[PDB]
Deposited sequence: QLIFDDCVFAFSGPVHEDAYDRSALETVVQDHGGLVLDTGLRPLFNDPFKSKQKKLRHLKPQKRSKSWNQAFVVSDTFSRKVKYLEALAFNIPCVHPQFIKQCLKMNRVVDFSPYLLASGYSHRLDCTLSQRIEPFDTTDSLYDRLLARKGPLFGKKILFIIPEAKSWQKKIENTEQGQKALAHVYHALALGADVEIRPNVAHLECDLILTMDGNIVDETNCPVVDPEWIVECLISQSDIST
């Protein structure tokens, strides 16, 4: 079955009736592909199981050893959480046509010609491209995902929140930061802590940083440009 070792997630459609998601999901299953309905988080640990305090960046759950390719399907780029997760993990967001093409070639074709842009940057007022370390089809997702050093690899981040309702959206950001190879630490206050930068929601922080301080949008900027936009 063509999609034998492939993991899929579907996002959107961003635009009404842009693709038959219900249908496509089937096709992929019908051809041996795995379909993660909640996105790609399954492929990694839950950082919030898990402990708390200083959270270590993501590691691939052993399961991922059983597949070698993953894609997030979308009709176009979005900031929908499956898209952002993909962006974070460096998994290709591809247009649905990719699948159809695969069935026509009766094999998993190169996804490249179907690689959507990464997203729109307000920082630069432009749409950027995705940049995806190629699939070395001798390494499982697990292998690949674990060797992945994120763009925020090493960076130490303090996230000040005062696990419920809004916090869920807060954690989402921590996740992405983690996914981007950064080490997040969640405090109620900064005080005298050492940090590469501080992540408050919206705005705030008194406080003689000194770091400095930035908002979630910064992360999205990093997600899209796959870079530490502070440097």
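Unmodelled regions of the deposited chain sequence (numbering from residue 1, in sequence order): 1, 164-173.
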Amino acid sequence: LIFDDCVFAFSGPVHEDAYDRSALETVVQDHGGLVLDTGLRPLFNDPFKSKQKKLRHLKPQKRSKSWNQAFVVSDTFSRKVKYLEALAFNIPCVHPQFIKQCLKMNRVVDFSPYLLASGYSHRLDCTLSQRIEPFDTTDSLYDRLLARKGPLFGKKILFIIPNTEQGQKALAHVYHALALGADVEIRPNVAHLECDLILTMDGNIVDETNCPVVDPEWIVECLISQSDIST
From here on, numbers count along this sequence of modelled residues.
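When the mean C-alpha temperature factors of 34-42 and 188-196 are read from the deposited coordinates, 188-196 comes out higher.
On average the C-alpha atoms of 102-110 have higher B-factors than those of the other stretch, with 102-110 and 71-79 being the two compared. Take 85, 136, 143, 125 and read off each C-alpha B-factor from the entry; 136 has the highest. Among the modelled residues of its chain, residue 208 has a C-alpha B-factor that falls in the highest third, as given in the PDB entry. Sort the chain's modelled residues by C-alpha temperature factor and residue 180 lands in the lowest third, per the entry. Sort the modelled residues of the chain by CA B factor and residue 147 lands in the middle third.
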